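Shown below, as structure tokens, is a lone chain in the form solved without the ligand; questions about how it binds or moves come after it.
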């Protein structure tokens, strides 16, 4: 067996930044931008074959396909080959991280890439990625399931394959999930003995310009809520910590940040109003409080479901980053359309 699927989705966004530092216009305000933007249209191919003994072969090839025609590549969304049966599921390839998957219960919004941080809970998602990796998923059993996932050294750093001179950027991802009668709890997280962050605290490839080597990199996410009877509510807590691993005065000093997010939605027939709130507390950077990494955000909107495949979408969002005169405030709103095939 073999099937074609995808989502086409897009809309118009309207945004404004308030940033004293970069916009000399009055009160530090940018002008208002108005863009047709693709929201992450995608196309895939996938299939499975019964292997005779309760085992199945599974594979998938999913690609970014933006109707603005700005993508190229195959396999640059989750793509894999694997086996599934009574044991659970094993998969190898460009895999979502346990934490990328858990993000479905945290960030429900659609936006173009420009507005990810204001029209969506982009900041809490900064820890989410796809990795050439292997992943095991369970058995859902007595309402419990789990995943375990690993990125080898020589996949995390190809260059260094044969000379093991940079320390390993191999990493571990794992989660545990419980569902009962509409109630869900999940823990998802990751660990990397050595990694590298950019200044927005995203993981980037070893040897990226302005990469900051870190050590004992760890992320934890707990999510809980209720998804049943027209009602959805979700609350997430996230904690990130690493040690400075750059050679310099500050090696060994402690990085950390705490983020929380909350979403509520109610389904009124075909209309689903949604509200979200997120906050990042002050980061400790090199052992010292850094309020540049603090933020607050609220998003409100709704989906109109024409069909089970097709929705109209509207949202607006209000985001505040940092403290004082370093302050950045983003405002945005959009209207859009989504169609799943």
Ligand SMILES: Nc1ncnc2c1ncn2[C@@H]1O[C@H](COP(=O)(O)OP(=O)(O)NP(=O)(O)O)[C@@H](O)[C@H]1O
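Numbering follows the first chain given and starts at 1. In this text, rigid core is short for the largest set of C-alphas that superpose within 1.5 Å between two forms.
The higher RMS C-alpha distance to the shown form in 4 other deposited structures of this protein, out of 94 to 102 and 242 to 250, belongs to 242 to 250, with every structure fitted on the core. Mean CA temperature factor is higher for 156 to 164 when stretches 87 to 95 and 156 to 164 are set side by side in the entry. Here 326 to 334 and 21 to 29 are compared by their mean Cα B-factor, and 21 to 29 comes out higher. Within the listed group 46, 42, 282, 309, the record reports its top CA B-factor for 282. Per the PDB record, residue ranking by Cα B-factor puts residue 131 in the lowest third of the chain. Among all modelled residues in this chain, the alpha-carbon of residue 292 has a temperature factor (C-alpha) in the highest third. Among the modelled residues of its chain, residue 7 has a C-alpha B-factor that falls in the lowest third, as given in the PDB entry. Residue 218: CA B factor in the middle third of modelled residues in this chain (values from the PDB entry). Among the modelled residues of the chain, residue 230 sits in the highest third by CA temperature factor in this PDB entry.
This protein has a second form, the form deposited with the ligand bound, left out of what is shown; the following refers to that one.
Contact annotation: the ligand lies within 4.5 Å of heavy atoms from the stretch 35 to 43 in the bound PDB entry, the single such stretch among 283 to 291, 35 to 43, 66 to 74, 48 to 56. Interface residue among 84, 267, 100, 153, judged by heavy atoms within 4.5 Å of the ligand in the bound PDB entry: 100.
Residue in contact with the ligand in the bound PDB entry (any heavy atom within 4.5 Å), chosen from 200, 104, 230, 158: 104. Every member of the trio 62, 116 and 130 reaches the ligand in the bound PDB entry with some non-hydrogen atom inside 4.5 Å. With a 4.5 Å cutoff on heavy atoms, residue 149 does not count as touching the ligand in the bound PDB entry; it lies far away. Although the partner is absent here, residue 96 is a contact residue: one of its heavy atoms lies within 4.5 angstroms of the ligand in the bound PDB entry. In this stretch, 7 to 38, the one residue having a heavy atom within 4.5 Å of the ligand in the bound PDB entry is 9; the partner itself is omitted from this view.
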